[PDB]
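Take a look at this single chain, the form deposited without the named molecule, given in structure tokens.
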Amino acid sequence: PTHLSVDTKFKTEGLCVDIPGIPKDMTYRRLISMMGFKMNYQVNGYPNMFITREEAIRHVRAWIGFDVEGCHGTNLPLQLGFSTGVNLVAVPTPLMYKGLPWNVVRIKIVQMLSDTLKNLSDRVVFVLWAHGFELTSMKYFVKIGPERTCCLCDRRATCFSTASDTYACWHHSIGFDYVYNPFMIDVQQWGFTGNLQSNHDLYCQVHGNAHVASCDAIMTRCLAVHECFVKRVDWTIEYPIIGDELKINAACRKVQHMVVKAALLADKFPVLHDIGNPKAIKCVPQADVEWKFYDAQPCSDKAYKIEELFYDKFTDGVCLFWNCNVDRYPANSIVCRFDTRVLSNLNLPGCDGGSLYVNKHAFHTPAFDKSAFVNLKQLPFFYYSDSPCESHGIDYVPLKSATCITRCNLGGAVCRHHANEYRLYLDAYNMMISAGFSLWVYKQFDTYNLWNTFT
């Protein structure tokens, strides 16, 4: 129960149009052999090219939808489509490229996967909705063997060069022509009734079938993301650090304490309705306010209807919606909403305009909808501190800022402690906003109300 067994049966019904006469009884072992690969009982870390649905989830940062549409079978040319939007045409002699022989097409393939995956994964997983031509064309750009390391580093090998006879990871594969030891998963194996467009369109309106190979590769990875993260949710799976994860989360916790602390001092609300995560703590532990919690897990499909969340006196005080994505927020709210459109290593394309935000855990977030914040306004940057002006020791330059709400800045000149803490909070703030998060507050929020908290 560790890897997908080669002796597992492979349903070949979806392959019998490109491959007429294919035996109904087939195993992964006979399929791989039929594809043109000799897996000579190698106990060297590569037991099967194909992988389980569970292993594919653990390696979602590696998912690349792959589809091959035979333009005219080694007699006819092939359109090679990928979920990166790329379409390469191979000749046997929405970026649509002209016909070229396999020996140049394979070099282009290694460049695209290396540039796409170098910052997200140690491997590639080809997400397939197999009809025959994609598995048979793999021998033209893929080499398999024992697990290896890069010739320039310690990472596992993902590419191979016939010119130099050496192996490399995604970072050092410049000039490499083969894809070494890739992984793959056929979505049609998961038990679907109907074609890719019928099944995909049941959940996604954002990807259209333009009848190009890349459009199918995109609908495939989309349907695979839906089945594993939108409808099935497993927040037990941990994901490795691949970027600023630790700083982004520490920033979110610092921002949350600051934003909520200031809203309670500015408008002195008597009750705070904490709507969201059931494992949440008071972000402002010393706060005078009556803190009441309401459990709601992160919605991965559609955004929560604010009516189905409330139907008890939510109009009294303020409502804290920290990463709790509702359809239209009440006027009396403090909100942090992840913006799914953000470009980052943590954010992977999602289903129906949503995104798969992978930071320790995979959170498929619904599409960012600007109309959710009609009764709110964008919360502006501000740094508030009521702590004493005590240094306790980096080199200084006098800080001048209107948004340093401190006793020292009220007094006229900001102390070194609040200047250091202001720039540290500005860095945590900018870190969080760039990671894709967006802050919104009730229209009455005015930081001018915080100057009177030191009197």
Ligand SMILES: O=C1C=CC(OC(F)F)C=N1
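Numbers for residues come from their place in the sequence shown, where the first is 1.
Length class of the unmodelled deposited segment, which would lie between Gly393 and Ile394: In the record, 4 to 9 residues between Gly393 and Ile394 lack coordinates.
Between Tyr311 and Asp312 - deposited residues without coordinates, as a size class: Missing in between: 4 to 9 residues.
342-350 set against 206-214, stretch whose average Cα temperature factor tops the other in the entry: Here the higher of the two C-alpha B-factor means belongs to 206-214.
137-145 versus 280-288 - greater average Cα B-factor per the deposited record: Higher of the two, by average CA B-factor, is 280-288.
Out of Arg106, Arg337, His364, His72, residue topping the C-alpha B-factor column of the entry: Across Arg106, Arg337, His364, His72, the entry lists the biggest C-alpha B-factor for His72.
From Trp63, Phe50, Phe66, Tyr41, residue of greatest CA B-factor: It is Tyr41.
Position of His171 among the chain's modelled residues by C-alpha B-factor, lowest, middle or highest third: Answer is middle: the recorded C-alpha B-factor places it there.
B-factor third for the C-alpha atom of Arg29 within its chain: According to the entry, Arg29 has a C-alpha B-factor in the chain's lowest third.
Chain-relative CA temperature factor third for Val374: As the PDB entry reports it, the C-alpha B-factor of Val374 lands in the lowest third of its chain.
CA B-factor placement of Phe192, once the chain's modelled residues are sorted into thirds: Its C-alpha B-factor, which the entry lists for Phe192, ranks in the highest third among residues of this chain.
Third of chain Cα B-factors occupied by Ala250: For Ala250, the deposited C-alpha B-factor lands in the middle third.
The form deposited with the named molecule bound exists for this protein as well; it is not shown, and the discussion that follows is about that form.
Shown form pocket vs the named molecule in the bound PDB entry, superposition, backbone/C-beta distance 2.4 Å: Blocked, going by where the named molecule lands after superposition on the site C-alphas.
Contact label in the bound PDB entry: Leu426 to the named molecule, heavy atom within 4.5 Å: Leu426: no contact with the named molecule in the bound PDB entry.
4.5 angstroms heavy atom contact with the named molecule in the bound PDB entry for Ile144: The answer is yes: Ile144 has a heavy atom within 4.5 Å of the named molecule.
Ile57, heavy atom within 4.5 angstroms of the named molecule in the bound PDB entry: Heavy-atom contact with the named molecule at 4.5 Å: absent for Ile57.
Close approach of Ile32 to the named molecule in the bound PDB entry, 4.5 Å, heavy atom: The answer is yes: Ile32 has a heavy atom within 4.5 Å of the named molecule.
Partner contacts in the bound PDB entry for 6-42 (non-hydrogen atom within 4.5 angstroms of the named molecule): Residues within 4.5 Å: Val6, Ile32, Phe37, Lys38, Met39.
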